[PDB]
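So this one's target.pdb, PDB, C-alpha atoms (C1' of nucleotides):
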```pdb
ATOM      1  CA  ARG A   1     -24.034  25.463  10.040  1.00  0.00           C
ATOM      2  CA  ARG A   2     -23.447  28.897  11.558  1.00  0.00           C
ATOM      3  CA  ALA A   3     -22.309  26.880  14.583  1.00  0.00           C
ATOM      4  CA  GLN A   4     -19.500  25.098  12.728  1.00  0.00           C
ATOM      5  CA  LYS A   5     -18.641  28.351  10.931  1.00  0.00           C
ATOM      6  CA  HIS A   6     -17.904  29.927  14.311  1.00  0.00           C
ATOM      7  CA  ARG A   7     -16.272  26.746  15.623  1.00  0.00           C
ATOM      8  CA  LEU A   8     -13.791  26.545  12.750  1.00  0.00           C
ATOM      9  CA  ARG A   9     -13.177  30.116  11.502  1.00  0.00           C
ATOM     10  CA  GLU A  10      -9.707  30.002  13.094  1.00  0.00           C
ATOM     11  CA  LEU A  11      -8.685  26.962  11.062  1.00  0.00           C
ATOM     12  CA  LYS A  12     -10.419  28.688   8.139  1.00  0.00           C
ATOM     13  CA  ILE A  13      -8.179  31.759   8.183  1.00  0.00           C
ATOM     14  CA  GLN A  14      -5.144  29.575   8.913  1.00  0.00           C
ATOM     15  CA  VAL A  15      -5.611  27.194   5.990  1.00  0.00           C
ATOM     16  CA  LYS A  16      -6.741  29.912   3.599  1.00  0.00           C
ATOM     17  CA  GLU A  17      -3.711  32.142   4.138  1.00  0.00           C
ATOM     18  CA  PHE A  18      -1.304  29.202   4.100  1.00  0.00           C
ATOM     19  CA  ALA A  19      -2.719  27.527   0.987  1.00  0.00           C
ATOM     20  CA  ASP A  20      -3.118  30.822  -0.872  1.00  0.00           C
ATOM     21  CA  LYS A  21       0.528  31.659  -0.249  1.00  0.00           C
ATOM     22  CA  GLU A  22       1.891  28.154  -0.849  1.00  0.00           C
ATOM     23  CA  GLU A  23       0.411  26.847  -4.105  1.00  0.00           C
ATOM     24  CA  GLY A  24      -0.898  30.139  -5.495  1.00  0.00           C
ATOM     25  CA  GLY A  25      -4.490  30.147  -4.256  1.00  0.00           C
ATOM     26  CA  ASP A  26      -5.504  26.735  -5.638  1.00  0.00           C
ATOM     27  CA  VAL A  27      -7.151  25.732  -2.371  1.00  0.00           C
ATOM     28  CA  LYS A  28      -9.478  23.399  -4.286  1.00  0.00           C
ATOM     29  CA  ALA A  29      -7.071  20.580  -5.155  1.00  0.00           C
ATOM     30  CA  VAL A  30      -4.988  21.259  -2.032  1.00  0.00           C
ATOM     31  CA  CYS A  31      -7.898  20.711   0.355  1.00  0.00           C
ATOM     32  CA  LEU A  32      -9.115  17.909  -1.923  1.00  0.00           C
ATOM     33  CA  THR A  33      -5.945  15.864  -1.489  1.00  0.00           C
ATOM     34  CA  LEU A  34      -5.839  16.956   2.157  1.00  0.00           C
ATOM     35  CA  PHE A  35      -9.170  15.349   3.006  1.00  0.00           C
ATOM     36  CA  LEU A  36      -8.441  12.422   0.678  1.00  0.00           C
ATOM     37  CA  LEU A  37      -5.255  11.482   2.524  1.00  0.00           C
ATOM     38  CA  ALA A  38      -6.780  12.266   5.925  1.00  0.00           C
ATOM     39  CA  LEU A  39      -9.716   9.939   5.273  1.00  0.00           C
ATOM     40  CA  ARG A  40      -7.447   7.261   3.797  1.00  0.00           C
ATOM     41  CA  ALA A  41      -5.394   7.375   7.003  1.00  0.00           C
ATOM     42  CA  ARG A  42      -8.228   5.619   8.856  1.00  0.00           C
ATOM     43  CA  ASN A  43      -8.591   3.030   6.052  1.00  0.00           C
ATOM     44  CA  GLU A  44     -11.615   4.505   4.294  1.00  0.00           C
ATOM     45  CA  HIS A  45     -10.337   3.763   0.774  1.00  0.00           C
ATOM     46  CA  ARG A  46     -13.942   3.007  -0.177  1.00  0.00           C
ATOM     47  CA  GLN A  47     -15.152   6.522   0.624  1.00  0.00           C
ATOM     48  CA  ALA A  48     -11.874   8.015  -0.578  1.00  0.00           C
ATOM     49  CA  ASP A  49     -12.144   6.390  -4.010  1.00  0.00           C
ATOM     50  CA  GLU A  50     -15.817   7.229  -4.420  1.00  0.00           C
ATOM     51  CA  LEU A  51     -14.950  10.836  -3.559  1.00  0.00           C
ATOM     52  CA  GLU A  52     -12.123  10.750  -6.084  1.00  0.00           C
ATOM     53  CA  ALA A  53     -14.773   9.657  -8.579  1.00  0.00           C
ATOM     54  CA  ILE A  54     -17.362  12.256  -7.546  1.00  0.00           C
ATOM     55  CA  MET A  55     -14.820  15.054  -7.964  1.00  0.00           C
ATOM     56  CA  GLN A  56     -13.343  13.559 -11.129  1.00  0.00           C
ATOM     57  CA  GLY A  57     -16.864  13.020 -12.439  1.00  0.00           C
ATOM     58  CA  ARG A  58     -17.718   9.771 -14.199  1.00  0.00           C
ATOM     59  CA  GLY A  59     -20.131   6.973 -14.936  1.00  0.00           C
ATOM     60  CA  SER A  60     -22.723   7.046 -12.167  1.00  0.00           C
ATOM     61  CA  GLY A  61     -24.437   4.171 -13.992  1.00  0.00           C
ATOM     62  CA  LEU A  62     -23.826   1.420 -16.519  1.00  0.00           C
ATOM     63  CA  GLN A  63     -24.524   1.160 -20.235  1.00  0.00           C
ATOM     64  CA  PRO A  64     -26.842  -1.535 -21.618  1.00  0.00           C
ATOM     65  CA  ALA A  65     -24.097  -3.848 -22.869  1.00  0.00           C
ATOM     66  CA  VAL A  66     -22.706  -4.258 -19.355  1.00  0.00           C
ATOM     67  CA  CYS A  67     -26.083  -4.995 -17.772  1.00  0.00           C
ATOM     68  CA  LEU A  68     -26.644  -7.563 -20.510  1.00  0.00           C
ATOM     69  CA  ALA A  69     -23.250  -9.110 -19.798  1.00  0.00           C
ATOM     70  CA  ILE A  70     -24.146  -9.358 -16.123  1.00  0.00           C
ATOM     71  CA  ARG A  71     -27.509 -11.023 -16.497  1.00  0.00           C
ATOM     72  CA  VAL A  72     -26.073 -13.423 -19.074  1.00  0.00           C
ATOM     73  CA  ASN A  73     -22.924 -14.418 -17.160  1.00  0.00           C
TER
ATOM     74  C1'  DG B   1     -27.582 -94.607 -38.799  1.00  0.00           C
ATOM     75  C1'  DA B   2     -23.505 -91.905 -38.976  1.00  0.00           C
ATOM     76  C1'  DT B   3     -21.713 -87.652 -40.275  1.00  0.00           C
ATOM     77  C1'  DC B   4     -21.016 -82.920 -42.044  1.00  0.00           C
ATOM     78  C1'  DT B   5     -22.466 -78.537 -41.590  1.00  0.00           C
ATOM     79  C1'  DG B   6     -25.146 -74.057 -40.256  1.00  0.00           C
ATOM     80  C1'  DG B   7     -27.979 -71.456 -36.777  1.00  0.00           C
ATOM     81  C1'  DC B   8     -28.606 -69.659 -32.216  1.00  0.00           C
ATOM     82  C1'  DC B   9     -26.968 -68.263 -27.788  1.00  0.00           C
ATOM     83  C1'  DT B  10     -23.720 -66.416 -24.867  1.00  0.00           C
ATOM     84  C1'  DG B  11     -19.719 -64.037 -23.940  1.00  0.00           C
ATOM     85  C1'  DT B  12     -15.677 -60.779 -24.527  1.00  0.00           C
ATOM     86  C1'  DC B  13     -14.649 -56.356 -26.416  1.00  0.00           C
ATOM     87  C1'  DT B  14     -14.737 -51.399 -27.792  1.00  0.00           C
ATOM     88  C1'  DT B  15     -16.969 -46.930 -28.289  1.00  0.00           C
ATOM     89  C1'  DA B  16     -19.918 -44.165 -25.668  1.00  0.00           C
ATOM     90  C1'  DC B  17     -23.255 -42.768 -21.538  1.00  0.00           C
ATOM     91  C1'  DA B  18     -23.971 -36.737 -16.157  1.00  0.00           C
ATOM     92  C1'  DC B  19     -18.509 -33.542 -11.458  1.00  0.00           C
ATOM     93  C1'  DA B  20     -18.031 -28.550 -11.663  1.00  0.00           C
ATOM     94  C1'  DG B  21     -20.435 -25.881  -8.343  1.00  0.00           C
ATOM     95  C1'  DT B  22     -21.771 -24.853  -3.082  1.00  0.00           C
ATOM     96  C1'  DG B  23     -20.668 -22.176   1.084  1.00  0.00           C
ATOM     97  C1'  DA B  24     -16.901 -21.656   4.428  1.00  0.00           C
ATOM     98  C1'  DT B  25     -12.094 -20.951   5.477  1.00  0.00           C
ATOM     99  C1'  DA B  26      -7.386 -19.545   4.539  1.00  0.00           C
ATOM    100  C1'  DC B  27      -3.872 -17.069   2.994  1.00  0.00           C
ATOM    101  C1'  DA B  28      -1.477 -13.502   0.123  1.00  0.00           C
ATOM    102  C1'  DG B  29      -1.142  -9.214  -1.205  1.00  0.00           C
ATOM    103  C1'  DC B  30      -1.598  -4.428  -0.476  1.00  0.00           C
ATOM    104  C1'  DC B  31      -2.036   0.319   1.495  1.00  0.00           C
ATOM    105  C1'  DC B  32      -1.313   3.825   6.055  1.00  0.00           C
ATOM    106  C1'  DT B  33       2.507   5.741   9.299  1.00  0.00           C
ATOM    107  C1'  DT B  34       6.050   6.436  12.049  1.00  0.00           C
ATOM    108  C1'  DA B  35      10.914   9.167  10.815  1.00  0.00           C
ATOM    109  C1'  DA B  36      14.852   9.833   8.269  1.00  0.00           C
ATOM    110  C1'  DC B  37      18.133   9.076   4.634  1.00  0.00           C
ATOM    111  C1'  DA B  38      19.123   8.789  -0.018  1.00  0.00           C
ATOM    112  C1'  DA B  39      17.722   9.101  -5.325  1.00  0.00           C
ATOM    113  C1'  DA B  40      15.389   9.568 -11.203  1.00  0.00           C
ATOM    114  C1'  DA B  41      14.573  13.568 -14.111  1.00  0.00           C
ATOM    115  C1'  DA B  42      13.432  19.154 -14.399  1.00  0.00           C
ATOM    116  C1'  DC B  43      15.661  23.402 -14.764  1.00  0.00           C
ATOM    117  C1'  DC B  44      17.154  27.622 -14.055  1.00  0.00           C
ATOM    118  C1'  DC B  45      21.715  29.394 -12.580  1.00  0.00           C
ATOM    119  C1'  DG B  46      26.509  30.051 -13.706  1.00  0.00           C
TER
END
```
In structure tokens, how does this file's structure come out?
Amino acid sequence: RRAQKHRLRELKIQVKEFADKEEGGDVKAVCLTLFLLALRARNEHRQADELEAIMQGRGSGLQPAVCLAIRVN
DNA sequence: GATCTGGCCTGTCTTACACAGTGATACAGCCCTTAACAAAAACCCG
């Protein structure tokens, strides 16, 4: 952890200054879409969409009507 | 005894009587990227 901190502090300062100046310090959504598109580049739409969900926040499970629909159909 | 008539027996017909669901294969979309060139509102700027 400390290892990768050292390894990447240069990119850290780079991206933080550039994103803070560009969009007004909203590094959250900037880096969000950054990693989204970067991971989609290698055709990981599965992981990209589940990460879109995890950040969006929604429906980890199902509600009883849907489970009933499944075991009936 | 000859004859007229009904009963039985087959025989044709007309409606029904359970095939969608299995795995495997084949396409058909559909997005990512290179790089640039052009194009709807969104909006201050004049």
Counting only C-alpha atoms (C1' of nucleotides), chain A residues within 10 Å of chain B, as a PDB file with C-alpha atoms, in the frame of the given file:
```
ATOM      1  CA  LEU A  37      -5.255  11.482   2.524  1.00  0.00           C
ATOM      2  CA  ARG A  40      -7.447   7.261   3.797  1.00  0.00           C
ATOM      3  CA  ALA A  41      -5.394   7.375   7.003  1.00  0.00           C
ATOM      4  CA  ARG A  42      -8.228   5.619   8.856  1.00  0.00           C
ATOM      5  CA  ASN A  43      -8.591   3.030   6.052  1.00  0.00           C
ATOM      6  CA  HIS A  45     -10.337   3.763   0.774  1.00  0.00           C
TER       7      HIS A  45
END
```
Self-check item: Interatomic distance, CA of residue 5 in chain A to CA of residue 31 in chain A (Å, one decimal)
Solution: 16.9 Å
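The interatomic distance for the pair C1' of residue 30 in chain B and CA of residue 36 in chain A works out to 18.2 Å.
The two atoms in question, CA of residue 27 in chain A and CA of residue 52 in chain A, are spaced 16.2 Å apart.
The smallest atom-to-atom distance between residue 29 in chain A and any of A:55, A:66, A:8, A:48, using only C-alpha atoms, is found for A:55.
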Would you give the centre and edge lengths, in Å to one decimal, of a box along x, y and z around the listed atoms of range 33-45 of chain B, with 4 Å added to each side, as AutoDock Vina command-line options?
```
--center_x 12.1 --center_y 17.6 --center_z -1.4 --size_x 27.2 --size_y 31.7 --size_z 34.8
```
Quiz item: Which is closest to residue 39 in chain A among A:51, A:25, A:7, A:64, if we use only C-alpha atoms?
Solution: A:51
